[PDB]
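This is coords.txt (compact mmCIF, C-alpha atoms and all ligand atoms).
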```
# COMPACT_ATOMS: atom_id res chain seq x y z
CA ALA E 1 -37.91 -37.83 -69.56
CA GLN E 2 -34.99 -35.51 -68.81
CA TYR E 3 -34.84 -36.52 -65.13
CA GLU E 4 -35.28 -40.27 -64.66
CA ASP E 5 -35.37 -42.66 -61.75
CA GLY E 6 -32.17 -44.67 -62.10
CA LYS E 7 -30.28 -41.83 -63.80
CA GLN E 8 -29.75 -38.59 -61.85
CA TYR E 9 -31.38 -40.09 -58.76
CA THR E 10 -32.89 -43.22 -57.29
CA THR E 11 -36.02 -43.67 -55.17
CA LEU E 12 -35.78 -45.35 -51.77
CA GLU E 13 -37.80 -48.55 -51.50
CA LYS E 14 -38.69 -47.67 -47.89
CA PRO E 15 -38.89 -43.85 -47.82
CA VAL E 16 -38.33 -42.26 -44.42
CA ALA E 17 -40.93 -39.92 -42.95
CA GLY E 18 -40.18 -36.65 -41.20
CA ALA E 19 -36.71 -36.44 -42.76
CA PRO E 20 -34.90 -33.13 -43.32
CA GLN E 21 -35.69 -31.62 -46.71
CA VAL E 22 -32.09 -31.89 -47.98
CA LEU E 23 -29.83 -34.25 -46.05
CA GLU E 24 -26.16 -34.85 -46.88
CA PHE E 25 -23.89 -37.48 -45.30
CA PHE E 26 -20.10 -37.32 -45.47
CA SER E 27 -16.94 -38.54 -43.78
CA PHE E 28 -13.71 -36.64 -43.25
CA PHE E 29 -12.02 -39.89 -44.45
CA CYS E 30 -14.06 -40.01 -47.65
CA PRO E 31 -12.02 -39.02 -50.75
CA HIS E 32 -14.96 -37.93 -52.87
CA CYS E 33 -16.25 -35.92 -49.91
CA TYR E 34 -12.97 -34.02 -49.90
CA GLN E 35 -13.64 -33.13 -53.54
CA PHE E 36 -17.30 -32.24 -52.85
CA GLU E 37 -16.17 -29.75 -50.22
CA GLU E 38 -12.87 -28.30 -51.46
CA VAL E 39 -13.08 -28.43 -55.27
CA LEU E 40 -16.81 -28.58 -56.11
CA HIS E 41 -18.46 -26.84 -53.13
CA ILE E 42 -21.54 -29.02 -53.66
CA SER E 43 -23.36 -27.88 -50.52
CA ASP E 44 -22.97 -24.17 -51.31
CA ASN E 45 -24.04 -24.62 -54.92
CA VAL E 46 -27.10 -26.68 -53.99
CA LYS E 47 -28.04 -24.02 -51.43
CA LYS E 48 -27.78 -21.34 -54.14
CA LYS E 49 -30.36 -23.16 -56.31
CA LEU E 50 -32.95 -23.74 -53.56
CA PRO E 51 -35.46 -21.23 -52.13
CA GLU E 52 -34.13 -18.86 -49.48
CA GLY E 53 -36.02 -20.57 -46.65
CA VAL E 54 -35.30 -24.30 -47.18
CA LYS E 55 -33.15 -26.10 -44.62
CA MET E 56 -30.05 -28.11 -45.46
CA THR E 57 -28.64 -30.63 -43.01
CA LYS E 58 -25.20 -32.24 -43.17
CA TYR E 59 -24.19 -35.20 -41.00
CA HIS E 60 -20.96 -37.15 -40.40
CA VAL E 61 -20.85 -40.97 -40.45
CA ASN E 62 -19.04 -43.58 -38.35
CA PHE E 63 -18.34 -46.36 -40.83
CA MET E 64 -15.00 -45.01 -42.15
CA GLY E 65 -11.88 -44.65 -40.05
CA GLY E 66 -12.69 -46.81 -37.03
CA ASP E 67 -12.12 -45.07 -33.69
CA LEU E 68 -11.13 -41.73 -35.24
CA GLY E 69 -14.17 -41.94 -37.50
CA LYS E 70 -16.42 -41.98 -34.43
CA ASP E 71 -14.38 -39.21 -32.81
CA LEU E 72 -15.02 -37.15 -35.93
CA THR E 73 -18.78 -37.75 -35.70
CA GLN E 74 -18.68 -36.44 -32.15
CA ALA E 75 -16.50 -33.49 -33.20
CA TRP E 76 -18.94 -32.71 -36.01
CA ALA E 77 -21.73 -32.63 -33.41
CA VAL E 78 -19.57 -30.13 -31.47
CA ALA E 79 -19.21 -28.06 -34.66
CA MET E 80 -22.98 -28.08 -35.25
CA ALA E 81 -23.66 -27.28 -31.59
CA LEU E 82 -21.31 -24.25 -31.59
CA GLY E 83 -22.20 -23.26 -35.16
CA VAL E 84 -18.61 -23.39 -36.37
CA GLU E 85 -18.94 -25.83 -39.28
CA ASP E 86 -17.57 -23.32 -41.78
CA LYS E 87 -14.47 -22.75 -39.63
CA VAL E 88 -13.44 -26.38 -39.11
CA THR E 89 -14.52 -28.29 -42.24
CA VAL E 90 -11.50 -27.50 -44.40
CA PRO E 91 -8.76 -28.05 -41.73
CA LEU E 92 -10.41 -31.33 -40.69
CA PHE E 93 -10.45 -32.58 -44.29
CA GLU E 94 -6.85 -31.49 -44.83
CA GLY E 95 -5.68 -32.86 -41.47
CA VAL E 96 -7.18 -36.27 -42.24
CA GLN E 97 -6.52 -36.60 -45.96
CA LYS E 98 -3.74 -34.16 -46.94
CA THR E 99 -1.23 -33.53 -44.14
CA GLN E 100 -1.85 -36.63 -41.98
CA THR E 101 -1.77 -34.49 -38.85
CA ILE E 102 -5.02 -35.79 -37.36
CA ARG E 103 -4.35 -39.07 -35.60
CA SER E 104 -6.17 -38.64 -32.31
CA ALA E 105 -9.04 -36.94 -30.57
CA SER E 106 -6.55 -34.36 -29.26
CA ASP E 107 -5.45 -33.60 -32.83
CA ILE E 108 -9.07 -33.01 -33.80
CA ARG E 109 -9.44 -30.65 -30.84
CA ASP E 110 -6.33 -28.72 -31.98
CA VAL E 111 -8.16 -27.84 -35.20
CA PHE E 112 -10.96 -26.14 -33.23
CA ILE E 113 -8.48 -24.33 -30.97
CA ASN E 114 -6.59 -23.01 -33.97
CA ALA E 115 -9.93 -21.97 -35.50
CA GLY E 116 -10.53 -19.89 -32.35
CA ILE E 117 -12.90 -22.05 -30.29
CA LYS E 118 -11.85 -21.62 -26.66
CA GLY E 119 -10.51 -24.76 -25.02
CA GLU E 120 -13.05 -24.85 -22.20
CA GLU E 121 -15.78 -24.15 -24.77
CA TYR E 122 -14.79 -27.15 -26.88
CA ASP E 123 -14.31 -29.55 -23.95
CA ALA E 124 -17.60 -28.54 -22.32
CA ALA E 125 -19.44 -29.09 -25.61
CA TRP E 126 -17.60 -32.35 -26.33
CA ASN E 127 -18.82 -33.78 -23.02
CA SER E 128 -22.30 -32.24 -23.17
CA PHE E 129 -25.56 -34.15 -23.46
CA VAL E 130 -26.67 -31.67 -26.12
CA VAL E 131 -23.77 -33.01 -28.21
CA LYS E 132 -24.61 -36.62 -27.22
CA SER E 133 -28.09 -36.04 -28.65
CA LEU E 134 -26.66 -34.60 -31.88
CA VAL E 135 -24.50 -37.71 -32.25
CA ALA E 136 -27.63 -39.86 -31.83
CA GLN E 137 -29.40 -37.79 -34.51
CA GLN E 138 -26.55 -38.30 -36.98
CA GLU E 139 -26.59 -42.07 -36.37
CA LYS E 140 -30.40 -42.37 -36.51
CA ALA E 141 -30.54 -40.46 -39.79
CA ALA E 142 -27.98 -42.76 -41.45
CA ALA E 143 -29.72 -45.82 -39.98
CA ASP E 144 -33.06 -44.67 -41.42
CA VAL E 145 -31.66 -45.04 -44.96
CA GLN E 146 -29.28 -48.00 -44.37
CA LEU E 147 -26.36 -45.85 -45.44
CA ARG E 148 -23.36 -47.83 -46.70
CA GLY E 149 -21.59 -45.14 -48.73
CA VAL E 150 -20.69 -41.46 -48.79
CA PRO E 151 -20.97 -38.84 -50.11
CA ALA E 152 -24.76 -39.25 -50.14
CA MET E 153 -27.58 -36.75 -50.45
CA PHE E 154 -31.28 -37.44 -49.82
CA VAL E 155 -34.21 -35.17 -50.70
CA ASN E 156 -37.34 -35.20 -48.51
CA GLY E 157 -36.45 -38.66 -47.25
CA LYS E 158 -37.56 -40.04 -50.63
CA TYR E 159 -34.87 -39.57 -53.31
CA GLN E 160 -31.15 -40.25 -53.35
CA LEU E 161 -28.87 -38.31 -55.67
CA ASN E 162 -26.97 -40.48 -58.16
CA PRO E 163 -23.89 -38.46 -59.21
CA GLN E 164 -22.46 -41.46 -61.08
CA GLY E 165 -25.23 -40.85 -63.63
CA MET E 166 -24.09 -37.27 -64.43
CA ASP E 167 -21.35 -35.93 -66.72
CA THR E 168 -17.87 -35.27 -65.29
CA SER E 169 -15.68 -34.08 -68.16
CA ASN E 170 -16.40 -30.61 -66.77
CA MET E 171 -16.43 -30.00 -63.03
CA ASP E 172 -18.65 -26.90 -63.20
CA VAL E 173 -21.22 -28.59 -65.48
CA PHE E 174 -21.28 -31.52 -63.05
CA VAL E 175 -22.01 -29.27 -60.07
CA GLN E 176 -24.85 -27.49 -61.80
CA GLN E 177 -26.42 -30.78 -62.92
CA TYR E 178 -26.22 -32.01 -59.32
CA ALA E 179 -27.69 -28.78 -57.91
CA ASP E 180 -30.35 -28.55 -60.63
CA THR E 181 -31.27 -32.15 -59.83
CA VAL E 182 -31.67 -31.37 -56.12
CA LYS E 183 -33.92 -28.46 -57.15
CA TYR E 184 -36.04 -30.69 -59.41
CA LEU E 185 -36.38 -33.30 -56.65
CA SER E 186 -37.26 -30.72 -54.00
CA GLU E 187 -40.06 -29.43 -56.27
CA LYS E 188 -41.42 -32.97 -56.77
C1 LIG P 201 -16.25 -34.02 -60.85
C2 LIG P 201 -16.38 -35.13 -59.82
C3 LIG P 201 -17.48 -36.00 -59.90
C4 LIG P 201 -17.71 -37.08 -59.01
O1 LIG P 201 -18.81 -37.92 -59.13
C5 LIG P 201 -19.00 -38.96 -58.22
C6 LIG P 201 -18.67 -40.29 -58.50
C7 LIG P 201 -18.89 -41.29 -57.56
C8 LIG P 201 -19.48 -41.01 -56.33
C9 LIG P 201 -19.70 -42.08 -55.34
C10 LIG P 201 -18.83 -42.69 -54.09
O2 LIG P 201 -17.93 -41.96 -53.66
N1 LIG P 201 -19.11 -43.97 -53.58
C11 LIG P 201 -20.22 -44.71 -54.20
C12 LIG P 201 -21.26 -45.28 -53.20
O3 LIG P 201 -20.84 -45.02 -51.88
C13 LIG P 201 -19.54 -45.56 -51.68
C14 LIG P 201 -18.46 -44.73 -52.43
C15 LIG P 201 -17.16 -45.60 -52.83
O4 LIG P 201 -17.18 -46.81 -52.56
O5 LIG P 201 -16.20 -45.00 -53.39
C16 LIG P 201 -19.82 -39.68 -56.05
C17 LIG P 201 -19.58 -38.67 -56.98
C18 LIG P 201 -16.75 -37.25 -57.99
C19 LIG P 201 -15.65 -36.37 -57.89
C20 LIG P 201 -15.42 -35.30 -58.79
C21 LIG P 201 -14.28 -34.41 -58.68
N2 LIG P 201 -13.37 -33.69 -58.60
```
Hey, can you dump this file as structure tokens for me?
Amino acid sequence: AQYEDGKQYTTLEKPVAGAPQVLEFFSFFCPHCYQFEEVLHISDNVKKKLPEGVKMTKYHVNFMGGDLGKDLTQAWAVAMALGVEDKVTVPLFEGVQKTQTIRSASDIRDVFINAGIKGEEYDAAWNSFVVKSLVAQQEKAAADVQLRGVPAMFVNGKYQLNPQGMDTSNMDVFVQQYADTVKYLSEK
């Protein structure tokens, strides 16, 4: 078959119920995640191949980067709460992996300030129980699939994308195979 378990995707032994339709996990410390955002735009290209209604969810993980890694999961909850993911994703990636200017929680906050989030707005959100609950959701979702590596994408809590089983001589062909695979899995 053209799409095969073990090839473009794998099937979770214990599938998780009530999971978001398309769920990505990343870390701002994760080198392939940097590529998936800045060079490949995986999330955008997947979204372009799915129906207009479908929901895509993207969550940060704690297991890379120690204390700053957990700060970043909380900051990502702030981003989701305020709806400013698109404004902060690139400068967070570059601050962690390119310019080495993100070394503390205050440095993370600077990125939001420079992106135009008001200081009181960020601090209030950072300390809010709405954001605490979003942190819990990010952790629960990774726990549900015993997540030990990123980037990762899961479809309907049942299938895990396997990019290592796709072709990578051509970056654009790779992205469309990935997106087309997500489409095939969503229609399963
Ligand atoms: C064109 C292109 C294709 C790519 O294909 C992939 C290759 C590998 C991965 C897996 C990954 O990152 N890991 C594996 C399990 O989780 C732990 C983590 C590790 O330990 O490294 C993901 C995608 C990557 C980058 C580019 C570019 N430019």
Check the smallest atom-to-atom distance from each of E:139, E:5, E:71, E:86 to residue 107 in chain E using all atoms listed in the file, then report the winner.
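Among E:139, E:5, E:71, E:86, it is E:71 that comes nearest to residue 107 in chain E.
Residues in contact with range 89-99 of chain E at 10 Å, where all atoms listed in the file are counted and same-chain residues fewer than 3 positions away are skipped, are listed as residues 27, 28, 29, 30, 31, 33, 34, 35, 37, 38, 65, 68, 72, 75, 76, 79, 84, 85, 86, 102, 103, 107, 108, 109, 110, 111, 112, 114 and 115 of chain E.
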Could you write out that same residue set with C-alpha atoms as a PDB file, keeping the file's coordinate frame?
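See selection.pdb below for the written result:
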```pdb
ATOM      1  CA  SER E  27     -16.940 -38.540 -43.780  1.00  0.00           C
ATOM      2  CA  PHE E  28     -13.710 -36.640 -43.250  1.00  0.00           C
ATOM      3  CA  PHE E  29     -12.020 -39.890 -44.450  1.00  0.00           C
ATOM      4  CA  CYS E  30     -14.060 -40.010 -47.650  1.00  0.00           C
ATOM      5  CA  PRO E  31     -12.020 -39.020 -50.750  1.00  0.00           C
ATOM      6  CA  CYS E  33     -16.250 -35.920 -49.910  1.00  0.00           C
ATOM      7  CA  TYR E  34     -12.970 -34.020 -49.900  1.00  0.00           C
ATOM      8  CA  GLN E  35     -13.640 -33.130 -53.540  1.00  0.00           C
ATOM      9  CA  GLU E  37     -16.170 -29.750 -50.220  1.00  0.00           C
ATOM     10  CA  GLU E  38     -12.870 -28.300 -51.460  1.00  0.00           C
ATOM     11  CA  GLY E  65     -11.880 -44.650 -40.050  1.00  0.00           C
ATOM     12  CA  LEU E  68     -11.130 -41.730 -35.240  1.00  0.00           C
ATOM     13  CA  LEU E  72     -15.020 -37.150 -35.930  1.00  0.00           C
ATOM     14  CA  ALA E  75     -16.500 -33.490 -33.200  1.00  0.00           C
ATOM     15  CA  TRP E  76     -18.940 -32.710 -36.010  1.00  0.00           C
ATOM     16  CA  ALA E  79     -19.210 -28.060 -34.660  1.00  0.00           C
ATOM     17  CA  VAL E  84     -18.610 -23.390 -36.370  1.00  0.00           C
ATOM     18  CA  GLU E  85     -18.940 -25.830 -39.280  1.00  0.00           C
ATOM     19  CA  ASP E  86     -17.570 -23.320 -41.780  1.00  0.00           C
ATOM     20  CA  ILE E 102      -5.020 -35.790 -37.360  1.00  0.00           C
ATOM     21  CA  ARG E 103      -4.350 -39.070 -35.600  1.00  0.00           C
ATOM     22  CA  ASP E 107      -5.450 -33.600 -32.830  1.00  0.00           C
ATOM     23  CA  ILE E 108      -9.070 -33.010 -33.800  1.00  0.00           C
ATOM     24  CA  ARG E 109      -9.440 -30.650 -30.840  1.00  0.00           C
ATOM     25  CA  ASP E 110      -6.330 -28.720 -31.980  1.00  0.00           C
ATOM     26  CA  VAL E 111      -8.160 -27.840 -35.200  1.00  0.00           C
ATOM     27  CA  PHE E 112     -10.960 -26.140 -33.230  1.00  0.00           C
ATOM     28  CA  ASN E 114      -6.590 -23.010 -33.970  1.00  0.00           C
ATOM     29  CA  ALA E 115      -9.930 -21.970 -35.500  1.00  0.00           C
TER      30      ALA E 115
END
```
Review point. Which distance in Å separates CA of residue 136 in chain E and CA of residue 113 in chain E, to one decimal?
Key: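 Taking CA of residue 136 in chain E and CA of residue 113 in chain E, their separation equals 24.7 Å.
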Write out as a Markdown table the residues of chain E that have any atom within 7 Å of an atom of ligand LIG 201 (chain P), one row each with the nearest atom pair and its distance in Å to one decimal, counting only C-alpha atoms and all ligand atoms, sorted by chain and then rising number.
```
| residue | atom | partner | partner_atom | distance |
| --- | --- | --- | --- | --- |
| E:32 | CA | P:LIG201 | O2 | 5.1 |
| E:35 | CA | P:LIG201 | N2 | 5.1 |
| E:36 | CA | P:LIG201 | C19 | 6.7 |
| E:39 | CA | P:LIG201 | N2 | 6.2 |
| E:40 | CA | P:LIG201 | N2 | 6.6 |
| E:148 | CA | P:LIG201 | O3 | 6.4 |
| E:149 | CA | P:LIG201 | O3 | 3.2 |
| E:150 | CA | P:LIG201 | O3 | 4.7 |
| E:151 | CA | P:LIG201 | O2 | 5.6 |
| E:163 | CA | P:LIG201 | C17 | 4.9 |
| E:164 | CA | P:LIG201 | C6 | 4.7 |
| E:168 | CA | P:LIG201 | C1 | 4.9 |
| E:170 | CA | P:LIG201 | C1 | 6.8 |
| E:171 | CA | P:LIG201 | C1 | 4.6 |
| E:174 | CA | P:LIG201 | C1 | 6.0 |
```
- Could you pull the residues within 10 Å of residue 155 in chain E, counting all atoms listed in the file, minus those fewer than 3 positions along the same chain, as a PyMOL selection string? chain E and resi 9+11+19-24+56+158-161+182-188
Take the residues from that selection and put them in a file with C-alpha atoms, as a tab-separated table (two decimals), in the frame of the given file.
```tsv
chain	number	residue	atom	x	y	z
E	9	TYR	CA	-31.38	-40.09	-58.76
E	11	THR	CA	-36.02	-43.67	-55.17
E	19	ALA	CA	-36.71	-36.44	-42.76
E	20	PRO	CA	-34.90	-33.13	-43.32
E	21	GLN	CA	-35.69	-31.62	-46.71
E	22	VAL	CA	-32.09	-31.89	-47.98
E	23	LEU	CA	-29.83	-34.25	-46.05
E	24	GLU	CA	-26.16	-34.85	-46.88
E	56	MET	CA	-30.05	-28.11	-45.46
E	158	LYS	CA	-37.56	-40.04	-50.63
E	159	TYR	CA	-34.87	-39.57	-53.31
E	160	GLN	CA	-31.15	-40.25	-53.35
E	161	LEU	CA	-28.87	-38.31	-55.67
E	182	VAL	CA	-31.67	-31.37	-56.12
E	183	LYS	CA	-33.92	-28.46	-57.15
E	184	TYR	CA	-36.04	-30.69	-59.41
E	185	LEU	CA	-36.38	-33.30	-56.65
E	186	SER	CA	-37.26	-30.72	-54.00
E	187	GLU	CA	-40.06	-29.43	-56.27
E	188	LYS	CA	-41.42	-32.97	-56.77
```
Q) So how many Å separate CA of residue 119 in chain E and CA of residue 58 in chain E, to one decimal? A)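 CA of residue 58 in chain E lies at a distance of 24.5 Å from CA of residue 119 in chain E.
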- Message: Would you compute the distance between CA of residue 81 in chain E and CA of residue 48 in chain E? Give it in Å to one decimal.
- Response: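 These two atoms are separated by 23.7 Å.
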